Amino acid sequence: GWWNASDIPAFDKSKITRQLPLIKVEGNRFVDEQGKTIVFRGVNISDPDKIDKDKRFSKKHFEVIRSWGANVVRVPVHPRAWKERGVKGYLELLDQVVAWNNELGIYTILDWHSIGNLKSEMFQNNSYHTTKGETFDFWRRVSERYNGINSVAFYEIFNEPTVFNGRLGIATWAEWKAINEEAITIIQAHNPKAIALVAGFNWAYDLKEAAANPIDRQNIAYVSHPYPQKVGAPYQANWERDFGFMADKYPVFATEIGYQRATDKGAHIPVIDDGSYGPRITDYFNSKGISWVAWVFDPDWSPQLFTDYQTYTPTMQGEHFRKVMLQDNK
């Protein structure tokens, strides 16, 4: 696969005609280069490999995102699509997403979208399977190719670390910290402005162990994926204990949030909720200045933000997150 690729052309610079403001981390916030705080609220697209097989891979899908008010889009690269298109075929799609977002004024998070315990090579299922060699190779190639484009601002090293109570083996936070430090050294040696987003365990929900022993690099932020059934009621005090307290010292990006009713298409734990989670969590994130990205701007993967590609009509969570982005993004 990745170890057999070559003759990969460089990013075509004529696809881009403007530079967005450079974002950096200062203490617990993201800031632009006048020092103004920016909070990002946007959406995950489905994998570009899926949008292309649906024949919807065109700038007009991303213009609909811009009309919902998003100021960031997260792109979940699944290791299985990266192997099946191959490095050169997948970078053809990824370079077009980066150029479309850039021309629309929207920042990109590149997400290596695997779930499980990368150190022992045990994953939630065979679709997320990858290795440390392939993961570091992916980060080396994208940090080198998008270096210099300020709109590719965030590199989310590995979507959802989890050992599932031991079913996926053993990984301490100390060992996971050393792997993310090495991934961050690779990215910052190619792209000195990159901000890396690092996650903890329990499917990227917990930041308590990270706070006790933080990553030893600069320009980084921490992730949480506080879906509605990760914890029960008093929700805000449980969220604050598990990850929101970290937002007093480092920026926290909740790179997946989302919810739908028990009877909705593909509904599964932990995304099931009656509807009060949406206002409760975006108010909680406004109280703490936490950035977030809703999952997922697709009509098939669950929970859906819209019902079909003919109309892009928002679902129940889609209507709430779109209203909050149009109102609160600055």
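Numbers follow the displayed sequence, beginning with 1.
- The stretch with the higher mean CA B factor, choosing between 220 to 228 and 233 to 241, is 233 to 241.
- As listed in the deposited structure, the average C-alpha B-factor of 27 to 35 and of 280 to 288 is greater for 27 to 35.
- Of the candidates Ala199, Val77, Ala212, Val72, it is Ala212 whose Cα B-factor is highest according to the PDB record.
- Of the residues listed, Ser114, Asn180, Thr135, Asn165, the entry assigns the biggest Cα temperature factor to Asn165.
- For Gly266, the recorded CA temperature factor ranks within the highest third of the chain's modelled residues.
- Among the modelled residues of the chain, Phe11 sits in the highest third by CA temperature factor in this PDB entry.
- Among the modelled residues of its chain, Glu156 has a C-alpha B-factor that falls in the lowest third, as given in the PDB entry.
- Ranked within its chain, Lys53 lands in the highest third, by CA B factor from the PDB record.
- Ranked by Cα temperature factor within the chain, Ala254 sits in the lowest third according to the deposited record.
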